[PDB]
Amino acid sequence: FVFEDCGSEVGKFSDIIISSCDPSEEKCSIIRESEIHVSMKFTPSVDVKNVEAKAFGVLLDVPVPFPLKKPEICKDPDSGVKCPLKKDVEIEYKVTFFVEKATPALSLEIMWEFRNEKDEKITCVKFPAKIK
């Protein structure tokens, strides 16, 4: 599978690593009730003063917003990322999450966006996933 670039005007990403999957696979398998580690190496093309993360499930064409624990990643001590972000410097974001038992077993596309303080996309990635 491909970590696809869904368009970002003030940045790019170079590598994504999701602990439960290899990109040699048809989809990213996400196991309910296990800890998943995510890494994203990215570079803003402007100085960024604050980062807001957004996650989306894509079920049947439409991207649907899904809440995150700490979406202000510069203010979360576990992110590895501190603001301000210097233009043209590559840095690494890390997050551990845990998929809840109550999460439905389905195939879907997952979208993750990083946005600056101006609501402009620094990064936008989308990838095919299967829960359970």
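Numbers for residues come from their place in the sequence shown, where the first is 1.
Asks: For the higher mean C-alpha B factor in the entry, choose 57 to 65 or 88 to 96.
Replies: Looking at the recorded C-alpha B-factors, 57 to 65 comes out higher on average.
Asks: Quick check: 104 to 112 versus 9 to 17, which has the larger average CA B-factor in the record?
Replies: Mean B over CA atoms: larger for 104 to 112.
Asks: Among the choices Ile30, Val48, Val38, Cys74, identify the one whose CA B-factor in the record is greatest.
Replies: Highest C-alpha B-factor among the listed options: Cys74.
Asks: In terms of the chain's CA B-factor thirds, is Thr43 lowest, middle or highest?
Replies: It falls in the bottom third of the chain.
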